[PDB]
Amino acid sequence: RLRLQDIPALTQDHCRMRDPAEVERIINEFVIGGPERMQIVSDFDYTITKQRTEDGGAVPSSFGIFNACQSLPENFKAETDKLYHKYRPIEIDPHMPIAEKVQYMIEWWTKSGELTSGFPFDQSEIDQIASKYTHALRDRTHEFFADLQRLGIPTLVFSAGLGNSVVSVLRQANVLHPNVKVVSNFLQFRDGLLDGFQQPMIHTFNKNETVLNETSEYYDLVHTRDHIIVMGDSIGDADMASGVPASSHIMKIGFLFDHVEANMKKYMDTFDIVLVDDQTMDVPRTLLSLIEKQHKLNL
């Protein structure tokens, strides 16, 4: 039986667990179950991309990648910057109830969509920008996605960001394998012009059962997958799989980098494993390797 003290990646100082015995139990369940029961649901911005780079270069968000493109109206990045100035403080307000935050985030994504309308746009601009950031993914991301593909594990990248940017980055990093799907806000085009974003709207606080559930198209791909790894860097990522009705065991992994001491309690109450300044996929990959080892024995 697997014991945490025998799993090196989980014994490191930066791996924090509120209840190590529960984490150990969940791991043993995933290993008993095999890869055929597993699915992954992961955030993109600052989960798949790094929170901290080695060379100190900045990493933009998926929206930032879009805003860096050259063929935007001269008005554009300034106007989105204004909207950011208004709504970002609200997004991170520590006192505001989630219901109020949700009203405001709906406003932000709506207005952002309305700005992103009325002019033509070539996806290749996005590709040119995204190409500069394929070197900014977490260490061993390539190996992680290769493991998932080899094991046939469905992997959903569930992002409140700009989907076209997410897809461009993953595709160019050679990790957008057939088992990987992206649910996000994609640019809508009509008669050759941008027309905002394709519904449904996905913002920071509805990445849950109200968007991803048993009526979703994606559900048919994963309805037999009751063991889930959920990965993200925000508290708002912890519910990404809440709409999967027959899940039996979920391991929630949170990457914590900003304001570590202030956020530590909340993160440890929300995630099963909290990874403090861990710019690698070595912990998720550890889980996959133990699942695969047993799969091989059973074969």
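All residue numbers refer to positions in the sequence shown, first residue = 1.
Stretches 259 to 267 and 39 to 47 differ in mean C-alpha B factor, with the higher average recorded for 259 to 267.
Per-stretch averaging of Cα B factors for 193 to 201 and 180 to 188 places 193 to 201 on top. Ranking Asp272, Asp55, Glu29, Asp237 by Cα temperature factor from the entry places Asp55 first. Looking only at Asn164, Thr141, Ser71, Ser112, the residue with the top Cα B factor in the deposited structure is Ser71. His135: CA B factor in the highest third of modelled residues in this chain (values from the PDB entry). When the CA B factors of the chain's modelled residues are split into thirds, the value for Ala78 lands in the highest one. Per the deposited record, the Cα B-factor of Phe121 falls in the highest third when ranked against the other modelled residues of its chain.
Per the deposited record, the Cα B-factor of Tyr219 falls in the middle third when ranked against the other modelled residues of its chain.
When all modelled residues of the chain are sorted by CA temperature factor, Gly254 is found within the lowest third.
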